[PDB]
Amino acid sequence: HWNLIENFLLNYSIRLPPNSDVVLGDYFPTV
Ligand SMILES: *[C@@H]1O[C@H](CO)[C@@H](O)[C@H](O)[C@H]1NC(C)=O
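Letter by letter, the sequence shown follows residues 54 to 84 in this note's numbering.
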């Protein structure tokens, strides 16, 4: 159920300016 992790991450990265390419390092949900 990777889509659960993906949806979390997409919602988390909702404040990235237009042309963004960045590595986010945090205490993110794991599998
Ligand atoms: C979280 O993701 C859902 C879609 O699964 C979306 O409808 C909702 O608005 C998102 N929340 C935030 C804060 O982006």
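For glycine and all other residues, C-beta sits at the position ideal for the given N, C-alpha and C.
Legend entry - Inter-residue spacing [alpha-carbon to alpha-carbon] between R68 and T83: Distance between the alpha carbons of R68 and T83 is about 22 Å.
Legend entry - Residues near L63 in its chain [Cβ-Cβ closer than 6 Å; skip 5 each side]: Within the same chain, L63 has no close Cβ partners at all.
Legend entry - Any non-hydrogen atom of ligand 1 within 7 Å of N72 CB: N72: no, Cβ never under 7 Å from ligand 1.
Legend entry - For review: beta carbons within less than 6 Å of any heavy atom in ligand 1: Checking every Cβ against the heavy atoms of ligand 1 under 6 Å gives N60, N64 and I67.
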